[PDB]
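So the structure is just underneath, and the comments pick up after that.
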Amino acid sequence: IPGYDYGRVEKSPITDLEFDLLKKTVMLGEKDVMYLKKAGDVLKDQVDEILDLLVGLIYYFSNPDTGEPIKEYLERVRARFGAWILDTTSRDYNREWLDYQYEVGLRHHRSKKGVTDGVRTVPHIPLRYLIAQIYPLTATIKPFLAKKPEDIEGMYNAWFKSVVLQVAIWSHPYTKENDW
Amino acid sequence: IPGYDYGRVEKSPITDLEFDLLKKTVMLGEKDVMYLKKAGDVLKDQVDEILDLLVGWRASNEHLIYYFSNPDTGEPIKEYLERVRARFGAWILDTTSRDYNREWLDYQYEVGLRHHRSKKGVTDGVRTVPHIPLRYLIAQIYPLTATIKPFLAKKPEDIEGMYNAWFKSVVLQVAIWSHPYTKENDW
Amino acid sequence: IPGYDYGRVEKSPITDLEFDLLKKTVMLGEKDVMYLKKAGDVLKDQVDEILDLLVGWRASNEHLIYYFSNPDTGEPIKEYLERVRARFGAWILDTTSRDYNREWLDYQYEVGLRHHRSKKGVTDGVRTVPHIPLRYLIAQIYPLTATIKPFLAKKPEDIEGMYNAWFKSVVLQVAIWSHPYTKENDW
Amino acid sequence: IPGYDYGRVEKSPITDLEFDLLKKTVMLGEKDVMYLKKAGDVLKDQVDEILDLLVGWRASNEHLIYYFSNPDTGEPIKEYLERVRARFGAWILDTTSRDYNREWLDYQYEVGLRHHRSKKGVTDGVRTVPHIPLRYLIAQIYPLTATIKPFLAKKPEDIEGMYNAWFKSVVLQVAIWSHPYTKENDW
Ligand code: HEM
Ligand code: HEM
Ligand code: HEM
Ligand code: HEM
Ligand SMILES: [Fe+3]
Ligand SMILES: [Fe+3]
Ligand SMILES: [Fe+3]
Ligand SMILES: [Fe+3]
C-alpha cells in the first residue's frame, strides 16, 4: 500500500508518559485493548463496506483551484484507510502506534497533506473539521460491529476512545507551541 | 526564546550536596565564578560568531548535523537548528553569568534530558534522531571547551582563568547530564 | 607492574568505527598524535612529580581517597594506592606514547571497567569501595587535564598542542569508560 | 528481548535478486514457506526444550561454549549465554514464521555479522571471543538442522516437509552469513 508507513515513521515529539496519560484520559484500558482486538475480528471482512461509506469533505481530496476531486488521491488514501481500520483494532497502542498516529495527523495538516501521494491538493485540513469528524467516524462503525450488546458496546466504546485519542494526538501540530 | 526554560523547570533528582561535591570535584570555586562572570563580559558581543562556529542552519555542523536531522531521511531540520541555536546562544551567557545554584543545576539537568531520548526533539516538536549517545556528549566536552578560547582572547592568566572556568563548567554540565544516561546506581 | 595489563586484555565491545568516530568527535588527529608523543618526551622524567600530585598512599589525594579505602572503615588501602599509582604512572606514558589503536582502546575499556563495579578492586585483590560513580569519572576530566599542563611547560603553541592533545585523550578515555556505566542503548 | 533487532537493522548489501536466487538455489518455494509456518505451529511450545539442547548457562554444551566465553580466561559468560539464548528462542520462531523478505534477509545478515568479528559481543556488551570462524558456522548447519527434527515429530511427509524447510532455511541463512566472512569478490 503506497504511503502506508506504519512502523516506518520518525519518532513523534510526544513522550511515552504523555501518551500513557492520554490513554488514561480517554480511559483506554486493557478491556478496551481486547474489545479493539475483538472488533478487529468483526470488522475484518467488512472493510470494503466500511470504505464505501467513507472514502474513495470531498473538497479536501480535490484540487483546490478547480475543485475537482483527485481519483488516485481518493484511491490511495482509501487503501491506507482500510488498513487504518485494522490498525485501530489490532495494533498494540505502543510507541510505534503513537508514531504512526502522529504521522497520520501530519498528513491531514499542512505539514505533509498531499505529500504522500504527490498530489496537488487542498494544503490543509482545518483542525475544527478533524475534531468534528470524531463523531461520524465513531458512529459509522457501530452497525459494522453489530452485523455479527455489551460486546458491541465494549467494541464500540473502544473504537470511540481510539478515534478520540488519535485526534488528540493529531491536534499537536495544529496547536500553538505550548497549548497542546 | 521558544523552549528556553531556564528557571522554569522541575527539580532535578540530584541533591544539593551531590551538586556541591560535583563542583568541588571539577574544582569550580569562587575564583572560577568570577572568571565565568568576566568571560560573560568578554563573550557578550561575540555570541553570533560563536554560534556560527557551532550551530545553526548555515553553520559548521561536523558529523553531528545528523542529530539535528530527520533520522529516516537524514535531512537537517532548519527550525530545529534555528531554535536550538538561539537557546545555545543563551546558554553561552547562562554558563558565564548565572550563579551555579539549584536553579542552574535544574536547567543543566533539563538540558541533559533534551539530549537524551527522554526529551530530545520534544522542546521543538520536531521528528528527529531520538537520542544523542552519551559517548558523544562526553567527547563534545573537548570541542565545546576549546572552541571558546579564541573568543576569550579576542579582547593570559585572565584568559586561562576564564578558559579553565569554562572548561570546569562544560565538564560539570556533562557530568550532570550523564545521570539520565547512566544505569540506576552507577552515576 | 602488577595488574598493568596493557596489550593483554580482552576485546572491548566497541567497534573500530565507533572508536574512529569517537576520535573524530574529540578532534584527535595526526597533529594530536605527535603532540602526544612530544608530551611523552616532556613528561617522561616528571612522572613521580605528577604522581605525587595525584595518587599514592602519601599523595595529595582529595576526598577521592575514599575510593581507595575500605568502605566499612574508611581507611585508605596503602597497597591499593601503591599499586594503582604505579599503573597510573604507566598510563601517563601510555597516554602520550601508545598509538591509539584497538590495543589502546581495549586497555582504556579495561581501565573504565576497573573504575566500575564490574572490576574495581579485583586487580589488586583489595576489599574496597565497589564502584566509582560516573559523575565523578566525568568531573575528573578537568583536574586530570589541567594538572598536567605545568609539567608540559616546565621544559606555547607546542605546550598548547601537547596540552590540547592530553585533553582530547582524557575526554576520549572517559567517553570510552562511560560504556559500562551507561543504560544498554544510551552510550 | 535485549539485542533482538528483527525489523530494526540496516539494509544488508545483498540485492533482492541475489536473495531470490539464493532461495531458488536452496529450493525454498511456496511449499517450504507453508511447511515453515506449520513448523512454527509445532515448535511454538517446545522452544525452551529446544533451547536447553542448544544454548544457555546450563544447556547441554558442545565445545562451542568457548565462543560464549571470555577468551583470556575461558570462563563462559552467563549473561551472554542468557541473552543470546533468548534471541535464539525468538530466531526459532522467526525462522518458521517470518516471511522471507528483505526485512528477514536484513536480520539474517545482522545475525551473521554478530557471529563475525564485525559485531560479535557488541550486542551484549561482553568481552568475548571476537570471532566465530566460518568453518564452524558451516559445520553447525548439520547439528542445528538435525536437532530440530524430533521436535517436529513430537506432535512423516508433514514432518519431512517441515524438516526440509528448516534445513533449507538454515542453509540459506548460513549462505547469507558467509558474505562478511568471504574475500571481496568470492561470495
Ligand atoms: C474533516 C475531517 C477529515 C478530512 C477532510 C479528512 C481527509 C483526509 C485526507 C485528504 C487524507 C489524505 C491526507 C494526505 O495524506 O494527504 C486523509 C488520510 C487519512 N485520514 Fe482523514 N480526514 C478527516 C478526518 C479524519 C479522522 C477523524 C480520521 C480517523 C481518526 C481520519 C483518518 C484518516 C486515515 C486513517 C488516513 C490515511 C492515513 C494514512 O496515510 O495511513 N481522518 N484524510
Ligand atoms: C559539551 C557538550 C554539549 C554542550 C555543552 C551542548 C549544549 C547544548 C545546549 C545549550 C543546547 C540547548 C539547551 C536548551 O534547549 O535549553 C543543546 C541542544 C542540543 N544539542 Fe547539544 N551540547 C553538547 C553536546 C551535543 C552533542 C554531542 C550533540 C550531537 C549532535 C548535540 C546536539 C544537540 C541537539 C540535537 C540539541 C537539541 C536537543 C533537543 O532536541 O532539545 N549537542 N546543546
Ligand atoms: C573521581 C574519579 C576517579 C577516582 C575516584 C579514581 C580512582 C581510581 C581507583 C580507585 C583506581 C584503581 C581501581 C581498580 O582497579 O580497582 C583507579 C585506576 C586508575 N585511574 Fe582512576 N579514578 C578516577 C578517575 C580517573 C580518570 C578521569 C582517569 C584518567 C582519565 C583515571 C586514571 C586512572 C588510571 C590510569 C588508573 C589505573 C588503571 C590501570 O589499572 O591500569 N582515573 N582510579
Ligand atoms: C560453531 C558455530 C556457531 C557458534 C560457535 C555460535 C555461537 C554463537 C554466539 C557466540 C552468538 C552470539 C554472538 C553475538 O555476540 O552477537 C550466537 C548468536 C546466535 N546464533 Fe550462533 N553460533 C554458531 C552458528 C550458528 C548457526 C548455524 C545458527 C542457526 C542458523 C546460529 C544461530 C544463532 C542465533 C539465532 C543467534 C542470535 C541472533 C540474534 O542475536 O538475534 N548460530 N551464536
Ligand atoms: Fe509540542
Ligand atoms: Fe539517580
Ligand atoms: Fe554496548
Ligand atoms: Fe559483497
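Worth knowing before you read on, the calculation uses all heavy atoms, side chains too, and leaves out hydrogens, waters and symmetry mates. Just so it is clear: chains get the letters A, B, ... in the order the sequence lines come, proteins before strands, and each one is counted from 1.
The 12-atom threshold is not exceeded at NZ of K44(C), counting heavy atoms of other residues, nucleotides or ligands nearer than 6.0 Å. Counting non-hydrogen atoms of other residues, nucleotides and ligands closer than 6.0 Å to CZ of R102(B) gives a total above 12. Within 6.0 Å of NZ on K24(C) lie no more than 12 heavy atoms contributed by other residues, nucleotides or ligands.
Contact annotation: the side chain of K183(B) never approaches that of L134(C) to less than 4.5 Å [non-hydrogen atoms, C-beta and beyond]. Counting heavy atoms from C-beta on, the side chains of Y142(B) and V170(C) never come closer than 4.5 Å. At a threshold of 4.5 Å between non-hydrogen side-chain atoms, the residues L21(C) and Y136(B) count as touching. A 4.5 Å side-chain heavy-atom check between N185(B) and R117(C) finds at least one atom pair inside the cut-off.
Annotation for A139(B) and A175(C): closest pair N-CB, 4.3 Å, computed over non-hydrogen atoms. When all heavy atoms of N164(B) and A146(C) are compared, the pair lying nearest together is ND2-CB, 3.9 Å.
When heavy atoms are compared at a cutoff of 4.5 Å, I141(B) approaches chain C by way of both its backbone and its side chain. Proximity to chain C is absent for every atom of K23(B), based on heavy atoms less than 4.5 angstrom apart. Contact annotation for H179(B): neither backbone nor side-chain heavy atoms come within less than 4.5 Å of a heavy atom of chain C. Only the side chain of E160(B) comes within contact range of chain C, judged by heavy atoms closer than 4.5 Å. In this structure, the portions of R135(B) lying under 4.5 Å from any heavy atom of chain C include both its backbone and its side chain. Heavy-atom distances place both the backbone and the side chain of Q140(C) under 4.5 Å from chain B.
Atom CD1 in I138(C) sits 6.5 Å away from atom OG1 in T182(B) (nearest 0.5 Å).
When each of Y181(B), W187(B), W177(B) is checked for heavy-atom pairs under 4.5 Å with chain C, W187(B) comes out on top. Your options are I132(B), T145(B), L64(B), and the one with the most heavy-atom pairs under 4.5 Å with chain C is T145(B).
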